[PDB]
Every structure is written in C-alpha cells, then in structure tokens.
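Residue-level structure breakdown
The primary structure of each chain is shown beneath.
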Amino acid sequence: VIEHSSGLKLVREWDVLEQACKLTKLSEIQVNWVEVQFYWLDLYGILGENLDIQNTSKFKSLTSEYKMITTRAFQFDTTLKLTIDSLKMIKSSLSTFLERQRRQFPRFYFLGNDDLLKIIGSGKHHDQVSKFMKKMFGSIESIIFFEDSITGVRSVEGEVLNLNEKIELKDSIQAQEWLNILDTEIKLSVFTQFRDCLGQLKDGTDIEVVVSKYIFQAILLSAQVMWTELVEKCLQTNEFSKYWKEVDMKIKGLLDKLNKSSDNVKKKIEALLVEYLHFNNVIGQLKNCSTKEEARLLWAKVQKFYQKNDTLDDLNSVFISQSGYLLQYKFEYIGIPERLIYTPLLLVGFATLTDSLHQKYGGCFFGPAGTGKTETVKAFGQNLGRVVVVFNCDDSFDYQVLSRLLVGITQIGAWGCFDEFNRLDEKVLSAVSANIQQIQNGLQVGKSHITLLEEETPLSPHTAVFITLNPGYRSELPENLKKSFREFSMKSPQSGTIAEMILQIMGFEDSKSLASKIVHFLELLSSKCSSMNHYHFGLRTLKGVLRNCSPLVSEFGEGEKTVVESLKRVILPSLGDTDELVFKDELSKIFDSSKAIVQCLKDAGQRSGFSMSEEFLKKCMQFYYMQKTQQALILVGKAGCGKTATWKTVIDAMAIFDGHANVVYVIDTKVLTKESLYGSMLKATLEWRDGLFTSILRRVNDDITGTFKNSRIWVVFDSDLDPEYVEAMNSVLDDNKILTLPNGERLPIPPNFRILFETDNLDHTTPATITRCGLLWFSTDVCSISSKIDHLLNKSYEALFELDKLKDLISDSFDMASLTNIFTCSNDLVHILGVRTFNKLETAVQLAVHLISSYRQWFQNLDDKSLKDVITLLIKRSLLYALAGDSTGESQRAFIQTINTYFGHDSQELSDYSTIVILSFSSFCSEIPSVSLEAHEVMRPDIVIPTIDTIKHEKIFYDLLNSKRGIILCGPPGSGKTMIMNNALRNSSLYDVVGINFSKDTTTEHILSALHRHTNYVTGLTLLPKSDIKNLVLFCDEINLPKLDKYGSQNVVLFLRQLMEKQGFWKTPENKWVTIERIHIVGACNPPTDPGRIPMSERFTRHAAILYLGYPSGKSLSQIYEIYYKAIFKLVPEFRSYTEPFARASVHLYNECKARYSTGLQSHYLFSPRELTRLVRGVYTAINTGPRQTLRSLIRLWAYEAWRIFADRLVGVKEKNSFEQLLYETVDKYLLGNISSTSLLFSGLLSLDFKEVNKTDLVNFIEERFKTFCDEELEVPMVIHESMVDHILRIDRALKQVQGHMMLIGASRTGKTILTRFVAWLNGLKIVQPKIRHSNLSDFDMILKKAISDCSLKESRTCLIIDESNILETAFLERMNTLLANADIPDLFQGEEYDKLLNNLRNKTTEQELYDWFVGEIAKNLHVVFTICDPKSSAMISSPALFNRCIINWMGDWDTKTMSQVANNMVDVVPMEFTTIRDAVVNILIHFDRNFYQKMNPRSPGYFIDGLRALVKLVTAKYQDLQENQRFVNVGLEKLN
Amino acid sequence: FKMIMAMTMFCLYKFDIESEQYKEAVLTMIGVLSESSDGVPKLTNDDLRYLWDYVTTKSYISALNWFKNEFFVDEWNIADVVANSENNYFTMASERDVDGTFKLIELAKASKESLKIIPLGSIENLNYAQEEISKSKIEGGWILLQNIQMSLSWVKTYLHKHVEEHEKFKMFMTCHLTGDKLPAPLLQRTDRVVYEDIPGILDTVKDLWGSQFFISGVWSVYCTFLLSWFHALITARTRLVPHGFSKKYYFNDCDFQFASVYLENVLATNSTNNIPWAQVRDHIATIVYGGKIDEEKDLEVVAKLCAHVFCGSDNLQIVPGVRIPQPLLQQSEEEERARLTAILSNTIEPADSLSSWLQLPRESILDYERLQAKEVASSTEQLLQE
Ligand SMILES: Nc1ncnc2c1ncn2[C@@H]1O[C@H](COP(=O)(O)OP(=O)(O)OP(=O)(O)O)[C@@H](O)[C@H]1O
Ligand SMILES: Nc1ncnc2c1ncn2[C@@H]1O[C@H](COP(=O)(O)OP(=O)(O)O)[C@@H](O)[C@H]1O
Ligand SMILES: Nc1ncnc2c1ncn2[C@@H]1O[C@H](COP(=O)(O)OP(=O)(O)O)[C@@H](O)[C@H]1O
Ligand SMILES: Nc1ncnc2c1ncn2[C@@H]1O[C@H](COP(=O)(O)OP(=O)(O)O)[C@@H](O)[C@H]1O
C-alpha cells in the first residue's frame, strides 16, 4: 500500500483479487473499488484543489463525498454502497453540467472534459484560456491582456487584433459569458475593420499606406470586393488596360515594400501578393478574350465577392458569387496563413464545391495522394472566412472524438473536413457514416434538430461536411454516403503555374525560365532515376525547396545560382550514387552549372583522430548546410557505413566554430521500452512515471543550470525506425513542437533541441515522416582503408622513447601496395555470418597493437632484424585471425600460405603452429600437456583433453579478449563451443564466467539479474564487477535463439551492441547514464542456415570479432579418444595394451558414418563427437557394471553399445546390414562372433551385472514382471513380441545410463508411452503425469522443483512423462535444450530458492562442491522422454543440445511379423475355429490394409487394435447369444419329445 | 452467364445423344467463335449450314440467340419464377445503373398485392422497416427493401436474426452485383433472381418524362427536354464497357437533379435571347457530368457529346432521324409540353441505334460484339475441358 500526495492510501494489488473472485458480493466490491479510485483520481485532480468549482447542489455533494472519502481514508458495506451511488449520481450531474456548459458556448465542445474543467476552475486566474485558445479556435495563439481587460488576440502566425472596444473583467464572472462577448466582438471587430478598409479603398486611398494598418482579412475582403466591383464596371464596357496597369503598379509597389519589411509585414505582403497575382491573372485572361460571351464565361467561373448594401444586419452583409451560386461570408478571423496559389484547377475545385454546397450536399475528393485536396479544402474555407477543422485521419482516431468534433462542427457551423477517410476501422467508419448521413438528412430537409449521440442538438443552416479519399490503395465512398455526396477527381496539380507564382513572389527577376526549368528537372528526376521507396519528386519537395531558397537568396543573390544551390542542398542528400551521377548530368544539361568552415571541419577531424577524405568532407559539408535549417535530420547508410564519426565531427567542428557548448546524449530507442522512455498510467495505484525522454525534455526546458541558454543540445537515436516509436514523436517532428504525453501534461520545445535519427535502412518507414524531416543518405563507405588503419593506430596508441619508434616501425610494416592486394584477395573467401572487408580492420589492428604492447618489454635487448621478424609474424597472425577467422581450416591453410606470400620470402614465415617466445621461434606442438584422468570422472561432462587446436584456440582467445574486443563464436554443432569456453575460462586467472542461455523469448532483465550477483554499483554512475582484480566477462551461448520483432529486428542483440560499442546505457527507473569499465562479452552461436535460426544484424556483429569453430581433425579426435580408452582401460589390466587400435577403429567408423550419410534424407542424420562421447560412457558403465570380461566379450559389448547408440535412426534394413558389415570389417581389420541386434542381448534384469542372458530367461522375466504388474497396479491386457522386447531392451539400456536421455519415433497407439511407463516401473522410477492448458511455466517449475527436492531429500526414484501435447511453445524446447546440454540451468535457481536449496544440501550432507554434487545427482536421476509422431520439432534434432545426449531410437510402426504375433496371441483366447483359418483371416486383413493404404510415412495401427477388439467382443457376444438360443431350442425339443 | 450456362447444357446434351461428327462441328464452331482455329467442319445438316452462314456473315450474337431459340423452346420471366416458389423470400439483384423497383411495382399492380417501398438508412429508416415487416407479418403484403447494400451490417444483424408463416406473405430485397459480398445464409435461403433491362433509349426517355412533372417559361421545359435527352444518350453510351468509355461509370438520377437545378438557375437569372450555351456546356462537361471522369479521352468524348447536344443552333439533330424545333416567342408551356411529347412519339428507333443514336462508327460496335463473342467462347472452351 502506498499513499498519494494527501489523505487516502492506495493498495498495490490488482487483478489478483479479480482472479481469486472469478462471489456476487465480491464482484460488487471490486466494481465499487475500481469506480471509487478511477473517479477519486479526477476528484483529487480537479475537485480537491480548486475552490471556485466547489463554492450549488453539486458543490455540496462534492463536499459530502470529500468528507466520506476522508473518513474512508481514516478507516461498511452500506457505506460503500452509498459512495458508489453518490459517485454515479455526481458523474451524471457533472456530465450534464459539462454538456449544458458546452451548450452555452458551443466552441467549448471541442475540448476534453478535463480541459474544460480546468478552464471553468480558472475563475479568477483569467489566463488559463490563453494556452488553450489555439485548440479552441484554430488560428489564435494567445489573448493579450491590458490591465485586467482584453484589447487584442494573438494569431498563431503572430498577428494582434486591434479590437473596437475593450472588455472589463469583473470578479463574479465565468469564462463562458465573457468569451461569448469576446468572439461576438471578434466578428464585429473584423467587420468594422473590413468596412473602414473598404471605405478607404473606395475613397482612393493607396494600397501601400493601408497595408501596414489593418489585419489580413479586412484588407483581403476589401481588395477582393473593390476588384470585383471595378472589374464588373469595366466589363460592362470593352476596356481592360487601365485596371490591368493599376493592378500591375499595385503589385510592383507591394513588392517594393516587401523588400523593406519586418516579419508579420512580410507575411501580410506575401499573402496580398498572392491575391493580387491572382487578380492580374484573371484580368489578363479576360483581356485575351475576343468576344463578349466567352468573357462572361471566364468571369463566371472566377470567384466573385459581393456586399449587401441594403440589409442592415452586418454579419451576413457580404456574399460570394461563383457560377451563379451564392455563398454568404461569416466573418470569422483566420489570421495570416499561407495562401494557395490560384490555378485553373483550383478554380474548378472551388466551382464544384460551390455546386455541392448550393443544394444542401457535400463535396468529395479522391485520386492520387500528394495532390492538393485537404489544402484546397482549407483554402476554400479561408476564402469563405471560416476556419475548417481538418481531421488527420489515422489509426489514432476513434469513435468518441470524431463524434464530439462532428457535433461541434454541426453546432458551431464550422465545416468539418476529412483527410484520408479510407484510413478508418470498419465499425468506426460505419458509425461516422451513419452520423454523416443523418447530418446530410437534416441539412436537406432543413430540420432544426438532428437526433444524434442520444440527444437533440441544434443545427445551424451553414454547416457542412467535406471528405477526401484515396481509393484502390482501398475503397470509394460507401453507398449510404454515395447517395448524398458529389464525387470529384483532382488528379493534376498545375505545378507550372505554382512555381511561376512562387518565383514571382520571392522577388526573382525571371520566374518563367526558373519555373519551367525546375518543373522539367523534377519530372526528369522522377522518371530517370531508380524507383527507391524513399524518393518523392512531386510538389511537396518543390515547395520545400522554394521555401528553403530564401537564406541562399540573402547570401548569394537572386538567380539560377540560388536555385541550383538549393537543389544541391536539399534533394541530393537523399539520393543514392547512380541517382547522384544522373542528378549531376541533368544539372549540367539543364542549368548553367567560405573555406573557414572547411578549415574548422579539417581541424576538428585532425584533433579527433579521424582523417579527412574528399567525399567525407563533401558529405560533412552537406550535413552542416542541411542542419543549418531543419530541426530533425535522419542519416542513413549501410551497416558500418561510418555516420557516427561524421555527426560527432560536425558537432565538435561547430563547437569550435560558434563557441556554444555542445551537449549530446546517445539513446537506443528500440531496446528502451515506450513506458521507460515516456511513461504510463499504473493499473495498481494509477501513478505516472517520468520517462527518460520526458526527463531529458524537462531538464533541457527548465534551464535551471543555465547551460541550455548558451548551448546546443542533441539527442541521437542509433537504431531503426519503429513506426509506433515515431507516432509518439510526430508532434515534436511537426511544426507544433509541443510534447504529447498520455497523462495530460504538455512540454515545450526550444529551437536548439535538434533530434537525430541514426539508422541503416528505411524498410518500415512511412513516407509521410521522411517529408516532414530531412533525409541524408550515405551510399558509399566514408573512408579509405589506409585512413581507417591510421585512425585506428592513433586511437590504439592513445588507449595505452619506445612509442614513436614503435609507431614508425609499425607504419613501415603496413605498406599499402601489399595491403590492397591481400584485402582484395581476402574479399572473395568463404565467410560465415558474413562481414564486409571494411570492418575487420579494427580487430586486426587492435590484436596486432596489443601483441606489440605485450611484447614491448623485451625489444630493448633485441636487434632490429629479430624485432622486425617478431612484429611481422604477429601482424601476419593478426591478419589471419581477423580475416580468415570466418572460414574453414583448409581455407585457413590457404590463407596462411597467401599471407606468407604477399609479404615476400625475406620476412619471417608464418607457420600453422607458429609461436613467438623468448627472442626466437617456437612451436605449439610441444606445448600440449599430458593429462591422465582416471575412470571415476570420464562421465563428468566438463573434462577437456587438450590438443594442438585446443591450445591454439585458447591462446588466440586470451590474445583477442585481452585486445579489448568482442567474441562471437560460430561453427557447426559439436565443436565444443561451451567446452572450449569452460576450458579457456575456468582455468583462467584474470577472468570469471557468468552463464546465460538464450531461449526463443529472452528479456533484457534476465541478463541484468544474472550479472547482478557478480557486479557492484559505484557512484549507479559506474558499474564494476563484485571482484576487484579479475575482469568479469559475460558468456552467452545459442545467442541466435531470441525471436525477431515485427519490423525485422531483435532487441536483445541490440542491447548487447549497446553494451559493447557505447560502453554504457541508461538504467530504467532512474534514467541515469551508466558506465562500464572492465566487462567484456563473449558469444557462441550456430550458423544461420540451421532451421530455427535467424541472421543477426551486421550492425551488432560488426563491433565484435568473429571466430569460426569447425569440426576437429580425425587425428585430433583419435588422440583424444585414445586418451579416453587408456583412462577407461585403467580399470581392466589384461587389455591395457589394446588402447590405440580401438580408438582408431572408433574414429574410422565415425568417419565413414559421417561421410556415407547426407542430412537431406533424414533430419536426424547429423554427426558430431557427442555420440562418440556417449559411446565411451556406455562402454564405461557396461564395464563397471559387468563381470570379468574377455577380449571377445569386450568386442561384442562394444558392438552392442555401437548398435544401441549409433544404429537407431535408420529407415530400413539395408543400412543396418551395412553397419553390421562395417563393424565386421573394423573388428577384423583393427584389433568372429555374430554382431546382429538379436545376437547382442546384453542386459542386467536377470543377474547382478550387465551381461548376455538367455532369450527364454529374459522373456520369462518380462512375463513374470508383466503378470505381477497386472496383479498389483493396473489390469492392462497387453501382449509381448520381439520388436517391443528389443525396444524395451534399448530403452532400459538408455535408462540405466546416467544422464543419457532418449527419444522414440512411432505412430499413435504404438505403445511408446506404455513401454516407457512399464520400464519406469521395472527400474523403479516413479512416474508423474502433467495435467497440461490451465498451467504455465510457473506451475511447471514449481512441480519440477518439488520433485527434484523430494528426489534429492528422500532418495526417491523420480522421472517425468512428457507428451508432445504437453509441450506447446519453443520456450519449453529451449528449456529442455539447456537441461540436456548443462545440468544446472542458471535462471531457475537464484535468490530465496537458491538459499533454501543450499541450506537443505548443507543439512543433508563448499558452495562449489555442493553445486557440483547437485549437477551429479540431477544427471544421475533425471530422464525425460520425447515423443514425435510427425517426422515445430523438426529442427530440434538439428539443435546440438537436444542431440547432445538423447538416444534417437526408431521405434516405428508395427511390421508384418509383429502384427502376426499380436493377432495370433490375441485371437488365441476366444474360440473361433469352427469351419487353420486364423492365419488366413489375419493375412487377408493385413493384405487389405496394405492395398488400402497404397491406394490412399508410417501406418497408424489404431485401426488394427480397434478392429481386433471390436471383432473379438462382437464374436463373443454373438456366439453367447447363439449358444443361448441353441440351448433353448434343444430344451424345447427335449420337452416336446 | 445465362448464355454460358445455356451453351454448356446444350453441349452436354448434344455430345451424348449424337455422334462424334457433331462434336467435332461444335468444337470447330466454338474455335472459330474464339478466333482460335480455322477450319471448315465436315458438313453433311440445315441448322449447321445456317450456323456457317451466320459466322461467315460475322453476326455473332445472331448465331448465339439462334442457338438459344433452336435448342431451347421456352423462357422464364420474373412472373413465372415468382409464381412457382416453395419459399416466400426473394432477393432481387441488379446493377447500380439499372433500377428494379418499377418492375416490382408493375408486378404488384398485376398481382393486386400491396407493395411497400422501404429504402433503408438511418435509425428512423430501420424503425420504419421494422414496423412495415411487423405489419406484413401480422396481416400480409409485399415488402420491398430498396438498395440494402448501404446498410449491409444492419441487414446482417436484423434480417438474419428475423429469419433465424402468414398466408400470401412475400418480401423482396435489392442489392447491386458490383457491391459487397453478401453472407452465405442470405444467398441460399432465398430464390435468387436478377433483372437485365434492355437498353430502351426511347423507353427510358418516356419513363423520365413521366417521372418528372414539367419553372421559367418555354425555355425551361425545352432545356429540360434537351438535358433529359443528353442524359439518356450518355447512359446508353456508358453500357459499352470497352468502347463507349474506357471505364464503366454509373450516372444516376442525382446527377440529373443537379444538372436540372443548374439549368433552372441559369435560365432564371438569364431569360434573354442569348442564352449562355457555352457556360452551361462547360459547367455540365466539367463539374456536373465531368465530376467522376479523370482520363483525358473520356473528357474529350463527353465534351464532344455536349457540343453536339447543347449547341443550340438553328436546327438540331440529336439522332439522324428526328429534329427539334425550338419553342418560338408566343408559345405557352402546356402546348409546348404536348408538342415535345408528340415529337417524342413521332420518333421511331432504327435497329442500328447503338451505332447511330450514340455517334459511333459501325466498326466499333462490330469490334465490341467480336470481343464479347471471344470472351464467351473462351469461357465455354475453359468450361468444357472438365
Ligand atoms: N576520417 C576517418 N578516418 C578513419 N576512420 C574513420 C573516419 N571517419 C569515420 N571512420 C570510422 O568509421 C566508423 C564510424 O562508425 P559508424 O558511424 O559506422 O557507427 P554506427 O553508428 O555504430 O554504425 P551502424 O549504424 O552501421 O551500426 C568508425 O569505426 C571510425 O573509425
Ligand atoms: N495552390 C496549390 N495548389 C495545389 N496544391 C498545393 C497548393 N499549395 C500547396 N499545395 C500542396 O498540396 C499538398 C496537399 O496535399 P494533400 O492533398 O493534403 O495530400 P494528402 O491528401 O495525401 O494528405 C500540400 O502538401 C502542398 O504542398
Ligand atoms: N577437442 C575436444 N576435446 C575433448 N572433448 C571434445 C572435443 N571436441 C568435442 N568434444 C566432446 O564433444 C562434446 C561437445 O559438446 P558441445 O559442442 O559443447 O555442445 P553444445 O555446442 O551443444 O554446447 C563434449 O561432450 C565433448 O566431450
Ligand atoms: N500391442 C497392443 N495391443 C493392444 N493395445 C495396445 C497395444 N499397444 C498399445 N495399446 C493401447 O494403446 C493405449 C495407449 O497407447 P499410447 O501409449 O498412446 O501409444 P503411444 O505411446 O505409441 O502413442 C493403451 O491403453 C493400450 O490399450
């Protein structure tokens, strides 16, 4: 329980009690609780603080319920019933009060309930509406105040309104009444301004002297009305030149004033210039007419403005004439917005909207996008003098907000447009369709009230509804609207005349050539270049270019040079490379064609360690010139293209250039949750969390430190573009520049706050966003290889009289002539998890420099030649392990010969076993140690037998890990990746292991919780390991396992990239930067070609260093396994001289077993030395649990193990005989009795040790066990046969093995689970059955922990049955993979459970010894079963962990022999032979089944057993009835005779 | 599809009652129909000789209706299919360019049954439909729900819940083929029926004249006459899907309403001798009838038709058979309406109206029937392979 700011305490427990209750009283209690907290939120937020909205009956009820909730806070069923009744009552009352408040002022009805509550509660502040008026109206940002009064309102563009008379503000006033008189006076004032402007213009007042006096709308209406009147007067006669010249002179004078204007004056002058250019266009069109009727035609289409000179009312005294239809002006203020350039297509759109609105209908629009539909609707609304409420439709909009805004549009009379109506869900589209149909129904018949939203709302006769569409992307209008709308198509924006007017208004001398050339250029760019998805060369880009031309007009001048410079600045950074050369060619064809910043960038790069190139400098200049204007840039290149250094260099260069402080923050948005980045509302206590982005915005906006007033602040996002991560930022990106938060609070945006997106692909980006922000494309690599090597040398040297000489020697060692040849020759090699040849240079140079640093303490007593040889050999080894590290061993030999070649014969030749020790040569051959383990720990799965390759890989492992670089390990399964990890790190003295295993679903908190037990926080500000001298390293295996997202990425490897590259991150609950000093990360993975694997992004793997881990050589395995056989023959002394040939035979048979098979025939045909290990283990347990063996007995036991391990994944019998002849050949070749499956029948169920028993003895023992089971536990009427005898023998050998698991391949009702439970009873292992749905990982882990604890405490024989129906998801499969590869899964046991288990182990009996004993006991007494019937789990065999110790025994379907056996032994208990015939009936039955199956993959024998049982029961019943009838007939015959 | 089903059934019958030479003759005739094969059949009778004379005369649909008349000996109308119906629910269907209400009204007048026109819509329309179906389930009658596609969800809830019996109780639906997919229970729990209106250009002019009731003098009625004639001409031209227009638009009564209002308001503000024919011409061609048109060629075609119809010269030839004298100075509106009705009834439609009432070359309409013959022949060829 936690209490909020005052009074009531809130409990932190929800939906758990809901699950517990899921009686009626508890449900009522929960409903009352949820409603009391969900309403007490708003009570404390609104009612509990503001006194004006509580100081009549509603206020008294507010006080009473405040007292009641205070009493409830202090310390019942009737009381809570009263509270819920009162809460419903007050909610109805306040909803009705808000509704009638919105009725009093219909413009209030735009807002949400909370904001209107705040406005009403601001009964004395009188300035809370100044921050809401833009949302209230749409074109007024704030209300200016002059001594507790109103004299003006501030337009969004920045215009103040000189009111006719001020308004006093009494104390006992409410917002609604004074806002009523305010907006009515607003309309009156704009009318008064229009009237005096019209009077002045009619008097002959010059335009210039009245430009700087009145608002935009007054001068607009006056100019248009005077234009219309005078053109009508001069149209009644046939003269036009006089008014043409007058308008031309007015335009020229207005442009002359434009040249010498301030900001708002410039906006007014340009909008008036739009209007006057349109007037001159119309007049020039009219003068070009030759006959009067075509003149009347052309004048009829153009918009005409008129005025009532007779009506005394003034709010409707101006009306608009268009094609004989008349629309009445409404005189509502719009400010000074941008005016669309008048074009003939715009006039046609105006005309069709006039026709649609004349007869109580609505207009419509559909066609191409980026074409000018919504802006045309807005321009039409402005020309009629009311602001239209544009609804930018998307998935964000829902039903209630559209209902409210549409009802407000109705009640005001403001037109409600609809941008992109086809972007709505089905049910909301149906609802808004019904509402719009009802609105048009009301408008058509002229009824005063329309019954919508369960009310009777008023309807002004001037409202409208506008819609725009884009069909086929989709849909047209539905029929219910199609009956009451006018469709229209607006496909072609006249881009020639728009460019013409914009170049005229910008002041350029020759608008014609510029407009024609730029339209031609943009169409050629849209046509010729490749159709990348991020290109757009329509009209929006042209408008952006012309808007961006003006600073270059100020700098360079007015002419073609400014236009081409703007084109180079804007479009070019988004192009590719071929697109760039096309663009250059078109610039050359069409058109004719400051070193301080260059010096600043060069100096910043030289000081930062990077080296400048021509194209790198060019792109840096482009980025600087492009960040000059926009506040949101997005960079893009290939993976590792080199953009981070680009923007960091620009940051430091501009820090030198302008002197402002440069403060930058790096964020990875796709690993940070939206809840952590921004915040959310709690379900428990309804609280708000200040997210990281909210925290950084509050920090940079508060400016408490005062640094942000004299600095530039940058936030970069070094990830992809998640669309729902940018729909929360679109407000920041757009010109609103206001933070949108889910709680309700809003945060501003300083102009210095520049946001950067650092990405590599635009795969899932909406093209709308790439238009609102500038895009920069990095097509090619930003470096030469020599430059990258030099910079890496400088960074490595600074990362550390010997230094300069060492630098000179390494510099002359790296000669570019051979380096280019070796890199080009290394490009085409075979690579796994492919990484480009521009990337591995960092690993190469770092490993080489670290070797030189580690051996620098001997070179002072060494000659120049030996020093040069040592340096060259280390360089060669570094280049081998950085370039050839993703290629096979034979490719490694080829690479070592090549690197020996290109450095010449004079240099020190690099050997495969080359090593440098004290200076002189060495060799790794003599470094291998001789270790002789005894037979007590051969079964232990952490033992390592060293070889040449193991010690070589361990040496390069220590080398590269000390070289401060990341390890990711890849290679075919079975190469001992986990084994080499434990060998190279458990024996370490400087590093320690932490174990994490990756499932299909891993969260970032798992690895943090894992490393929490071995790390400490220091100020947190910095994270260090729990130790103090040994650098803790994080080990991850099977790292490819976690799944991708919906946008082609995975968060966990991005988190690891964050850990590796930036050396830090941000903690979620404190939003504070963390730094990591001495923690490395090492990874182990499978190739992506395996099923269930995904290719990792090159962005993450590029920072680490890869290292291929292939299959070991045959001689290496031979040496390891002869050491194995020596250890295993230390037990028996008579055969101690036969160690080597058995190892040679084993490796030989494995070699042809791998060579003779292909994985394309069966999914379980995979080979890796783990089967050879379990071969050795099975031989070990057989020898230890056996009698005094002989040579022949040993050979037949080894062949028995080979058959029971290897030869069990086989389809037919031919390969079984091939295996048998292979065994015969190996036994006769390297050193006879029968070695068939039935001849090798070693068991232990008849004696005290593993030996060969009699067939009759074993079947008699099985029968005795079966009859005892039937008499004791369950009466299951089954029968024995040869195939199931062999299979239960195999599964019993599997169970008697320690930790060696098993799996079965058989159809349904084949007896797999029955056999497993029977052999579990036979071996004494208890069986527990999972009751799997209705359970999950929690119940699974709890039951498994209880069973494991009982087994370890009471020494009970425990095992679990598993069906394929029990397993559902891949998480279970990954859990069993970890359980088989390891024995102690790290994530299960930590914390209280670990403490309880360790205390129990201590009571039963160091911590490491107890953990090892736990591993041993869980290996001894755990054996799970895996059942497959459809050979989701197809890739499970290909996983190394499941294949690590499982036995893949092909149970299969019943064949002819065992079918005959079960049939004859089943029908032998019922008399049927009356007319042998049982053999005939069973063979014709099976022949029928064979024919049927081949007329219409194993055979399911369910039909078999079902038919045999049904036949048996039916024969018995029919024969009993027949016998009764015959006996009755005989009795009747005896009685009658 | 009616013709395709007819031809498949004819092939199924005559491919098993008769020998294989008949089968080969049918195959080669269908191949020539598809313009896929060239070959004279193994001629022997008289019917196949008539077919060969047809296909040498390149009169395809003539031979196709000759198939229909020669093999089939009867046809079914709406009256027969509603006469013998075990069920009581009929879902009438059509396209959006042809109405089906007046045929049902004529049937109701013929059958002396009370038909209620119930166009759906808002909640008021839904309540009206509910009251009407309650009344006709209490005391019988006939119910028409006009254009139920606009309330597909309302249908899918209300009508489905109603269906899941009063004597002489029938009801009728109305849906457009080129609309939204109807649910399966609605399609199969009814007697499906579709009506195809023959393009009677003069007949739809008469129906449009009778539907209206006519106002500024004789010029108003004369302009209404010319506008009605233009609307009929463009509605006939829009039937030719690949030749009259590049796309199948659908003009309806609302467009005529807006054009009529515009003409009335132009003539009201201008009753002078020089009526602005160019202004009304461009306004109709770009805004009234050019609203749904985007391709340049379609605009050019509609502009040509407007320039031919609304020229307003001394004498006008809407079709090469008849002429329209304009009303003179001393004329009254009632006798003018009578005179225009007389000049409508004086008109006799020639058989080549589809290539002479719409100003199209005859090669174009032969190409259109060639395309329709090719597509039906290809459909038959694909269907006969199974
Ligand atoms: N002038 C230069 N000379 C040498 N090396 C340079 C130069 N400029 C950039 N580089 C190199 O370019 C690289 C820049 O890294 P980059 O921008 O690709 O990182 P990133 O944002 O993590 O990449 P990605 O998004 O592809 O994962 C660095 O390795 C740096 O050494
Ligand atoms: N006078 C004008 N005529 C036509 N289009 C214009 C004019 N002025 C601006 N535009 C462009 O028209 C665009 C409007 O596009 P819009 O129709 O809203 O696309 P969508 O409907 O797909 O959102 C604006 O981005 C603007 O650049
Ligand atoms: N060079 C080697 N020396 C000793 N044992 C090896 C060697 N290579 C493979 N093995 C054996 O093969 C197995 C390798 O398992 P491993 O590949 O680590 O499984 P996973 O990849 O699933 O962790 C080990 O049981 C080990 O006994
Ligand atoms: N050889 C058999 N004869 C008769 N019934 C059998 C035989 N094998 C299995 N069954 C029946 O199948 C049922 C369970 O089969 P199940 O264990 O699911 O087979 P599997 O493990 O191969 O899927 C048992 O109740 C048993 O009666």
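Residues numbered from 1 in each chain as written, not as in the entry; some residues may be left out. Chains lettered and ligands numbered in written order. Part of a larger assembly, values for the part shown. Heavy atoms only, no water. Residues with missing side-chain atoms left out of burial classes, pairs and counts.

The deposited coordinates for this entry were obtained by cryo-EM, with a reported resolution of 4.1 Å.

1. Some thoughts on the overall build of chain B
Within chain B, the regular secondary structure consists of 16 helices and eight strands. Judged by the C-alpha coordinates and their principal axes, chain B covers about 75 × 60 × 40 Å. (Helix = DSSP H or I, 4+ residues; strand = E, 2+ residues; numbered from the N terminus.)

2. What about the pairing of strand β27 (residues 1302-1305) of chain A?
Residues and elements named next belong to chain A. Side chains of β27 alternate between two faces, with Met1302 and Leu1304 and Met1303 and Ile1305 buried alike. Note that β27 and strand β30 (residues 1425-1428) share four bridges and pair parallel. By the bridge assignment, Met1302 is partnered in β30 with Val1425. Bridge count between β27 and strand β31 (residues 1448-1449): two bridges; the pairing is parallel. Bridging across to β31, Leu1304 finds its partner in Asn1449. (Buried < 20%, exposed > 50% of the residue type's maximum accessible area, 1.4 Å probe, protein only. Pairing = 2+ DSSP bridges.)

3. Considering unusual backbone geometry
Phi at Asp703 of chain A is positive, roughly 55 degrees, even though this residue is not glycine. As for its placement among the helices and strands, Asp703 of chain A is situated in the loop between α27 (692-702) and β13 (711-718). Classification of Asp703 of chain A as partly exposed rests on a relative accessible area of 25%. For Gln359 of chain B, which is not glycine, the phi dihedral falls at a positive 60 degrees. Within the element layout of this structure, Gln359 of chain B appears in the loop between α15 (333-345) and α16 (362-384). What makes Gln359 of chain B exposed here is its relative accessible area of 56%.

4. A word on the site of ligand 1
Residue and element names in this part refer to chain A. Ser611, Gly640, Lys643, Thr644 and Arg1099 are the nearest of the 22 residues found near ligand 1. Within the side chain of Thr644, one N or O atom sits 2.3 Å away from an oxygen atom of ligand 1. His791 places a polar side-chain atom, nitrogen or oxygen, 3.2 Å from an oxygen atom of ligand 1. Burial of ligand 1 by the protein amounts to 95% of the accessible area it has alone, namely 640 Å². For the shell around ligand 1, the elements supplying multiple residues, two or more each, are α25 (644-658) and α31 (785-799). By residue number, the principal contributor to the shell around ligand 1 is α31, which donates three residues. Class assignment for the residues of the shell around ligand 1 results in seven nonpolar, seven polar and eight charged. (Near = heavy atom within 4 Å. Polar contact = N/O pair within 3.5 Å; in protein donor to acceptor, adjacent residues only side chain to side chain. Areas by Shrake-Rupley, 256 points an atom, 1.4 Å probe, with all protein chains shown as cover. Nonpolar A, V, L, I, M, F, W, Y, C, P; charged D, E, K, R; others polar.)

5. Thoughts on the nonpolar core
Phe194, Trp227, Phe331, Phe418 and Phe466 of chain A are the most contacted members of the largest nonpolar core, which has 168 residues in total. The element that contributes the greatest number of residues to this core is helix α9 (residues 216-236) of chain A, accounting for twelve residues. (Core = buried A, V, L, I, M, F, W, Y, C linked by side-chain atoms within 4.5 Å.)

6. Re the sheet that holds strand β8 (residues 325-328) of chain A
Residue and element names in this part refer to chain A. Overall, antiparallel pairing links the three strands, which are arranged β6-β7-β8 in an open sheet. Every other strand in the sheet has two partners, leaving β6 (304-307) and β8 as the edge strands with one partner each. Averaged over all pairs of adjacent strands, the angle between their axes in this sheet comes to 30 degrees, without regard to strand direction. Here β6 pairs with strand β7 (residues 318-322) via four bridges, running antiparallel. By the bridge assignment for β7, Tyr306 is matched with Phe319. (Axes fitted to C-alpha atoms, helices over the stretch in contact; angles between N-to-C directions.)

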